[PDB]
Ligand SMILES: Cc1nnc(-c2ccc(OCCCOc3ccc(CCC(=O)O)c(F)c3)c(F)c2)s1
């Protein structure tokens, strides 16, 4: 904030953080407080096997077991899409873009955002579910029958490496906006207005990380590099769905996810 240009970058960071808080009900700071046993929040019920999953169904409240779980992740993605869409609308310039490009930017951005923010709810042993009321172990997720036995592993591998960056919600707010305003999504009609916005967002992210993580060298670059991992998670998940739909012909797909995945990659 030391000159007027950089003060406007601060104002943009604060705007996005504010909108993020308003849009996403379970923040990283709340997730971390649940996972680490802090006294601001309530310990989760832990599901690590079939009997504890049965108990959990009664305690949390919220068909083979693998399919119920897989579909539960899809319902969560649909809620996430709703929240990401409302956040996207708050990004200055987004709603003024061509409507076709608004739709394309959401279509290709929402999963990258979902896996970014999924890391906030993960550690190397498992993941928060039902808004933090439950915690499902990574080993229980690995135990599910084929073809569902490894669908969570790439997301855990990503999370453990992403979490070592030690980003907070104020950082994440800007990073998620940068993800959405990507000028290289396929089929965009007007790239230039997108990149002008993305430029501003990147400038704000960069100053946010230098202020908030003054001791953490090239954090900005190391964060942008993680956009590689996110892309690979997505393309791998799409391949897995192609497999699942051949053996599991009785599995339905929420219409929002169907539209998103159509001709995605
Ligand atoms: C009985 C039960 N019924 N539901 C249960 C349940 C268990 C675990 C859940 O979440 C674990 C973390 C979310 O992980 C993700 C999220 C999104 C995707 C991508 C999905 C797509 O968009 O295609 C993903 F692949 C994994 C959960 F929400 C519900 S237990």
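Numbering (the deposited numbering), first residue to last: 203 to 264, 275 to 477. For each residue, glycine too, the CB sits at the ideal point set by N, CA and C.
With a cutoff of 7 Å on beta-carbon distance, residue 246 and residue 338 are scored as not near each other.
Take the alpha-carbon of residue 458 and the one of residue 411: they are about 42 Å apart. In this structure, residue 416 lies away from residue 209, with their beta-carbon atoms at least 7 Å apart. Residue burial annotation: residue 213 is exposed, with fewer than 16 other C-beta atoms found within 10 angstroms of its C-beta. Secondary structure at residue 346: strand, using DSSP grouped into helix, strand and coil. C-alpha of residue 378 to C-alpha of residue 430: approximately 13 Å in a straight line. As the crow flies, the alpha-carbon of residue 355 is around 19 Å from that of residue 448.
Counting only the Cα atoms, residue 309 lies some 10 Å from residue 317. In this structure, the straight-line span from the alpha carbon of residue 395 to that of residue 253 is close to 48 Å. At least one heavy atom of ligand 1 falls within 6 Å of the beta-carbon of residue 348. Taking a C-beta distance under 7 Å as the contact criterion, residue 468 and residue 290 qualify as a contact pair. Annotation for residue 289 indicates a beta carbon within 6 Å of some heavy atom of ligand 1.
Note that the C-beta distance between residue 419 and residue 389 is not below 7 Å.
At a cut-off of 6 Å, the beta-carbon of residue 341 counts as near ligand 1: some heavy atom of the ligand is closer than that. If you look at residue 282, you'll find it in the alpha helix (DSSP H) that goes 277-301. Listed in chain order, the non-local C-beta contacts of residue 342 below 7 Å within the same chain comprise 262, 264, local neighbours out to five positions each way being set aside.
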